[PDB]
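Residues: numbered from 1 along the sequence shown.
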Amino acid sequence: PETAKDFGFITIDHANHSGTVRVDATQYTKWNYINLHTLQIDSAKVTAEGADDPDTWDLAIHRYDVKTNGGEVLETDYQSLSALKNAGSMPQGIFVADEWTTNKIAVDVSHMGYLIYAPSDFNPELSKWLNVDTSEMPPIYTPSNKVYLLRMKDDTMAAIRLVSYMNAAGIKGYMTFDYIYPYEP
């Protein structure tokens with residue numbers, strides 16, 4: 001059995017500043033908004049005319065796509081939140097902001113010659129957490145297994161690591177990630 005109690009902040013550890021988020025991102029018509037500040041989940045429709053973003057959010061997931069709310073992401077070389085925590089040093093690298101896209105966020109795959117996209121923000125760096133090789137029949141799914149640093153507008157930081165992109169039946173689009181928020185070396 002799988003209820004609504006199986007989605008959202010399924011794990012919260014206020015002492016360790018850690019937790020686990022699980023969202024159903026199988027629909028092409030929806031954004032799943034995550035608020036790491038309030039430990040809250042929300043969703044809204046996304047059409048060919050864009051989306052209705054809530055007043056407050058830190059990141060959003062559509063299928064395997066990620067967008068941030070004026071945030072910037074760095075893909076670290078660490079493959080564990082523990083490995084990052086132990087390093088005791090801020091990982092160096094260029095933080096990547098969102099890009100404005102008109103051909104990335106698919107909202108209608110019913111013409112699959114034609115594929116309808118939403119004009120939308122997109123973070124190409126955090127979305128690296130899953131690679132989908134479309135030149136293969138069927139496509140090949142390769143998770144980076146890397147730890148991502150998310151620097152939000154207020155200069156607070158989160159360390160995100162995708163745990164799974166499939167449910168127990170192998171259905172793709174059920175996204176589970178572990179985080180450290182707020183992350184401080």
_4.5 Å side-chain heavy-atom contact, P143 and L130_ = yes
*asked:* Please identify which of these residues, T11, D13, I12, meets the side-chain contact (heavy atoms from CB on, under 4.5 Å) condition with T20.
replied: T11
*Looking only at non-hydrogen atoms, find the nearest pair between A158 and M152 and report the distance.*
N-CE, 3.5 Å
*Of the non-hydrogen atoms in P185 and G88, which two are nearest, and what is the gap between them?*
CB-C, 4.3 Å
_Is there a side-chain contact between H14 and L39 in this structure, where contact means two heavy atoms from C-beta onward sitting under 4.5 Å apart?_
yes
*Mind checking what makes side chain to side chain donor-acceptor pair (under 3.5 Å) contact with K104, not counting sequence neighbours?*
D65
_For a 4.5 angstrom cut-off between non-hydrogen side-chain atoms, does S164 reach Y174?_
no
*So, do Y148 and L74 sit near enough that their side-chain heavy atoms are less than 4.5 Å apart?*
no
_Tell me every residue that passes side chain to side chain contact (heavy atoms under 4.5 Å, CB included) with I94, counting only those two or more places apart in sequence or in another chain._
none
_side chain to side chain donor-acceptor pair (under 3.5 Å) against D42, all qualifying residues, sequence neighbours excluded_ = none
*Out of curiosity, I41 CD1 to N35 CG, how far, rounded to the nearest 0.5 Å?*
8.5 Å
*asked:* Tell me which pairs pass salt bridge (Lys or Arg N to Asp or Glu O under 4.0 Å) where either residue lies in residues 135-163, with sequence neighbours left out.
replied: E72-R151
*Where is the tightest heavy-atom contact between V107 and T29, given as atom of each residue plus distance?*
O-CG2, 3.6 Å
*Partner residues of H37 under the ring pair (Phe, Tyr, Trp, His ring centres under 6.0 Å) criterion, sequence neighbours left out*: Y181
_Taking side chain to side chain contact (heavy atoms under 4.5 Å, CB included) as the definition, give me every residue that meets it alongside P182, ordered by chain and number, with sequence neighbours left out._
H17
*ring pair (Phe, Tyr, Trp, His ring centres under 6.0 Å) partners for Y179, two or more places apart*: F9
*Can you find a heavy atom in the side chain of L84 that is under 4.5 Å from one in the side chain of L149?*
yes
_My understanding is that only residues two or more places apart in sequence, or in another chain, count here; which of them pass side chain to side chain donor-acceptor pair (under 3.5 Å) with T102?_
none
_Nearest non-hydrogen partners of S89 and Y183, listed with the distance_ = O-OH, 3.5 Å
*Quick one: which residue pairs count as a ring pair (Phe, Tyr, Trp, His ring centres under 6.0 Å) with a foot in residues 119-138, not counting sequence neighbours?*
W129-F177
_Closer than 3.5 angstrom, by distance alone: can the side chain of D121 be matched with the main-chain N or O of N69 as a donor-acceptor pair?_
no
_Could you check whether any side-chain N or O of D6 sits under 3.5 Å from a backbone N or O of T3, counting only pairs where one atom can act as donor and the other as acceptor?_
yes
_Suppose we screen for ring pair (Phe, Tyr, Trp, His ring centres under 6.0 Å). Which residues come up paired with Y64, at least two apart in sequence or across chains?_
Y141
*What residues, two or more places apart in sequence or in another chain, satisfy side chain to side chain donor-acceptor pair (under 3.5 Å) together with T26?*
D24
*asked:* I'd like to know if the side chain of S43 pairs up with that of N32 as donor and acceptor (distance under 3.5 Å, no hydrogens or angles considered).
replied: no
_Rounded distance (nearest 0.5 Å) linking atom CD1 of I116 with atom CG of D108_ = 4.0 Å
*So, the side chain of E125 versus the backbone of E75: is there a donor-acceptor pair under 3.5 Å, distance only?*
yes
*So which heavy atom on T38 is nearest to which on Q40, and how close?*
OG1-OE1, 3.0 Å
*asked:* Please find the pair of heavy atoms, one from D133 and one from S135, that lie closest to each other, and give the distance.
replied: OD1-OG, 2.7 Å
*Sequence neighbours left out, what passes ring pair (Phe, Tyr, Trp, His ring centres under 6.0 Å) with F95? Give chain and number order.*
none
